[PDB]
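Engineer: File follows, query-v7.cif with mmCIF, N, CA and C atoms:
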```cif
data_protein
loop_
_atom_site.label_atom_id
_atom_site.label_comp_id
_atom_site.auth_asym_id
_atom_site.auth_seq_id
_atom_site.Cartn_x
_atom_site.Cartn_y
_atom_site.Cartn_z
N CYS A 1 5.20 20.00 10.62
CA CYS A 1 4.33 19.33 9.63
C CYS A 1 3.02 20.15 9.41
N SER A 2 2.93 20.90 8.30
CA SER A 2 1.81 21.87 8.05
C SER A 2 1.54 21.96 6.51
N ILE A 3 2.34 22.72 5.74
CA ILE A 3 2.40 22.59 4.25
C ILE A 3 3.13 21.26 3.80
N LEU A 4 4.26 20.88 4.45
CA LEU A 4 4.83 19.51 4.39
C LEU A 4 4.03 18.53 5.32
N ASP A 5 2.82 18.16 4.86
CA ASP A 5 1.89 17.25 5.59
C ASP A 5 1.21 16.25 4.60
N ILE A 6 0.37 16.73 3.67
CA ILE A 6 -0.46 15.85 2.78
C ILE A 6 0.40 15.49 1.52
N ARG A 7 1.28 14.51 1.75
CA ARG A 7 2.30 14.07 0.77
C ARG A 7 1.76 13.03 -0.28
N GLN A 8 0.81 12.14 0.09
CA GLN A 8 0.15 11.14 -0.82
C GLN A 8 1.17 10.09 -1.39
N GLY A 9 1.40 8.99 -0.64
CA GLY A 9 2.25 7.87 -1.11
C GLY A 9 2.19 6.62 -0.18
N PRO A 10 1.19 5.69 -0.27
CA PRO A 10 1.05 4.55 0.68
C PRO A 10 2.16 3.45 0.58
N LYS A 11 2.48 2.81 1.72
CA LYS A 11 3.69 1.94 1.85
C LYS A 11 3.32 0.61 2.58
N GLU A 12 3.05 0.61 3.91
CA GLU A 12 2.62 -0.61 4.66
C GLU A 12 1.23 -1.21 4.19
N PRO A 13 0.07 -0.52 3.97
CA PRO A 13 -1.07 -1.08 3.17
C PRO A 13 -0.73 -1.72 1.79
N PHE A 14 0.19 -1.07 1.06
CA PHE A 14 0.42 -1.29 -0.38
C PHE A 14 1.53 -2.32 -0.72
N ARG A 15 2.54 -2.52 0.14
CA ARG A 15 3.55 -3.60 0.02
C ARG A 15 3.35 -4.81 1.00
N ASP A 16 2.40 -4.79 1.95
CA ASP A 16 1.66 -6.00 2.39
C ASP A 16 0.38 -6.35 1.52
N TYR A 17 -0.03 -5.48 0.57
CA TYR A 17 -0.92 -5.85 -0.56
C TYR A 17 -0.07 -6.54 -1.67
N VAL A 18 0.99 -5.91 -2.21
CA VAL A 18 1.86 -6.53 -3.27
C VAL A 18 2.34 -7.99 -3.06
N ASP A 19 2.75 -8.34 -1.85
CA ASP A 19 3.49 -9.59 -1.60
C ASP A 19 2.55 -10.87 -1.67
N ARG A 20 1.41 -10.65 -1.02
CA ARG A 20 0.11 -11.30 -1.16
C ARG A 20 -0.53 -11.32 -2.58
N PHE A 21 -0.56 -10.19 -3.30
CA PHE A 21 -0.82 -10.14 -4.76
C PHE A 21 0.19 -10.99 -5.62
N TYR A 22 1.49 -10.96 -5.29
CA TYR A 22 2.54 -11.75 -5.99
C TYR A 22 2.52 -13.28 -5.69
N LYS A 23 2.21 -13.76 -4.47
CA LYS A 23 1.83 -15.18 -4.26
C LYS A 23 0.36 -15.55 -4.66
N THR A 24 -0.58 -14.60 -4.77
CA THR A 24 -1.86 -14.84 -5.52
C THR A 24 -1.62 -15.08 -7.05
N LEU A 25 -0.86 -14.22 -7.75
CA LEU A 25 -0.33 -14.50 -9.11
C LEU A 25 0.67 -15.71 -9.17
N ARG A 26 1.54 -15.97 -8.17
CA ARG A 26 2.20 -17.30 -7.99
C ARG A 26 1.33 -18.35 -7.21
N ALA A 27 0.01 -18.25 -7.36
CA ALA A 27 -0.93 -19.36 -7.54
C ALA A 27 -1.73 -19.34 -8.89
N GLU A 28 -1.94 -18.20 -9.59
CA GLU A 28 -2.37 -18.17 -11.02
C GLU A 28 -1.34 -18.89 -11.97
N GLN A 29 -0.03 -18.65 -11.79
CA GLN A 29 1.05 -19.40 -12.48
C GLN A 29 1.21 -20.87 -11.93
N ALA A 30 1.37 -21.07 -10.60
CA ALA A 30 1.57 -22.42 -10.00
C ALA A 30 1.44 -22.34 -8.45
N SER A 31 0.42 -23.00 -7.87
CA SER A 31 0.10 -22.90 -6.42
C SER A 31 1.12 -23.61 -5.49
#
```
Will you turn the file into structure tokens for me?
Structural biologist:
Amino acid sequence: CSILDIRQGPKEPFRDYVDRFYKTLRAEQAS
């Protein structure tokens, strides 16, 4: 891991953000 190191693509921050964002919007639609 040297040139194949700084790949740039978040997963565990960003899809424990989405699921929470999707039940936040499924309280904007209906809580």
Engineer: As a PyMOL selection string, please: every residue in chain A that a backbone DSSP assignment puts in helix (DSSP H, G or I).
Structural biologist: chain A and resi 12-28
Engineer: Print the selection's residues with N, CA and C atoms to a file, as an mmCIF file, keeping the file's coordinate frame.
Structural biologist:
```
data_model
loop_
_atom_site.group_PDB
_atom_site.id
_atom_site.type_symbol
_atom_site.label_atom_id
_atom_site.label_comp_id
_atom_site.auth_asym_id
_atom_site.auth_seq_id
_atom_site.Cartn_x
_atom_site.Cartn_y
_atom_site.Cartn_z
ATOM 1 N N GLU A 12 3.050 0.610 3.910
ATOM 2 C CA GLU A 12 2.620 -0.610 4.660
ATOM 3 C C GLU A 12 1.230 -1.210 4.190
ATOM 4 N N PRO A 13 0.070 -0.520 3.970
ATOM 5 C CA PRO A 13 -1.070 -1.080 3.170
ATOM 6 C C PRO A 13 -0.730 -1.720 1.790
ATOM 7 N N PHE A 14 0.190 -1.070 1.060
ATOM 8 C CA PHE A 14 0.420 -1.290 -0.380
ATOM 9 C C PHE A 14 1.530 -2.320 -0.720
ATOM 10 N N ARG A 15 2.540 -2.520 0.140
ATOM 11 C CA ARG A 15 3.550 -3.600 0.020
ATOM 12 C C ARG A 15 3.350 -4.810 1.000
ATOM 13 N N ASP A 16 2.400 -4.790 1.950
ATOM 14 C CA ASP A 16 1.660 -6.000 2.390
ATOM 15 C C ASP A 16 0.380 -6.350 1.520
ATOM 16 N N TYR A 17 -0.030 -5.480 0.570
ATOM 17 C CA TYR A 17 -0.920 -5.850 -0.560
ATOM 18 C C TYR A 17 -0.070 -6.540 -1.670
ATOM 19 N N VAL A 18 0.990 -5.910 -2.210
ATOM 20 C CA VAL A 18 1.860 -6.530 -3.270
ATOM 21 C C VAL A 18 2.340 -7.990 -3.060
ATOM 22 N N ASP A 19 2.750 -8.340 -1.850
ATOM 23 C CA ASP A 19 3.490 -9.590 -1.600
ATOM 24 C C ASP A 19 2.550 -10.870 -1.670
ATOM 25 N N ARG A 20 1.410 -10.650 -1.020
ATOM 26 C CA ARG A 20 0.110 -11.300 -1.160
ATOM 27 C C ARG A 20 -0.530 -11.320 -2.580
ATOM 28 N N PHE A 21 -0.560 -10.190 -3.300
ATOM 29 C CA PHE A 21 -0.820 -10.140 -4.760
ATOM 30 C C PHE A 21 0.190 -10.990 -5.620
ATOM 31 N N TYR A 22 1.490 -10.960 -5.290
ATOM 32 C CA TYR A 22 2.540 -11.750 -5.990
ATOM 33 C C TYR A 22 2.520 -13.280 -5.690
ATOM 34 N N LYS A 23 2.210 -13.760 -4.470
ATOM 35 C CA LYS A 23 1.830 -15.180 -4.260
ATOM 36 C C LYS A 23 0.360 -15.550 -4.660
ATOM 37 N N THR A 24 -0.580 -14.600 -4.770
ATOM 38 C CA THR A 24 -1.860 -14.840 -5.520
ATOM 39 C C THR A 24 -1.620 -15.080 -7.050
ATOM 40 N N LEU A 25 -0.860 -14.220 -7.750
ATOM 41 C CA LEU A 25 -0.330 -14.500 -9.110
ATOM 42 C C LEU A 25 0.670 -15.710 -9.170
ATOM 43 N N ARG A 26 1.540 -15.970 -8.170
ATOM 44 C CA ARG A 26 2.200 -17.300 -7.990
ATOM 45 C C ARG A 26 1.330 -18.350 -7.210
ATOM 46 N N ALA A 27 0.010 -18.250 -7.360
ATOM 47 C CA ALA A 27 -0.930 -19.360 -7.540
ATOM 48 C C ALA A 27 -1.730 -19.340 -8.890
ATOM 49 N N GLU A 28 -1.940 -18.200 -9.590
ATOM 50 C CA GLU A 28 -2.370 -18.170 -11.020
ATOM 51 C C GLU A 28 -1.340 -18.890 -11.970
#
```
Engineer: Report, in Å to a single decimal, how far apart atom C of residue 21 of chain A and atom N of residue 9 of chain A are.
Structural biologist: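 Spanning atom N of residue 9 of chain A to atom C of residue 21 of chain A is a straight-line distance of 20.6 Å.
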Engineer: How many Å lie between atom CA of residue 25 of chain A and atom N of residue 8 of chain A, rounded to one decimal?
Structural biologist: 28.2 Å
Engineer: Can you measure atom N of residue 24 of chain A to atom N of residue 11 of chain A for me? One decimal in Å is fine.
Structural biologist: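 Answer for the atom N of residue 24 of chain A to atom N of residue 11 of chain A separation: 18.8 Å.
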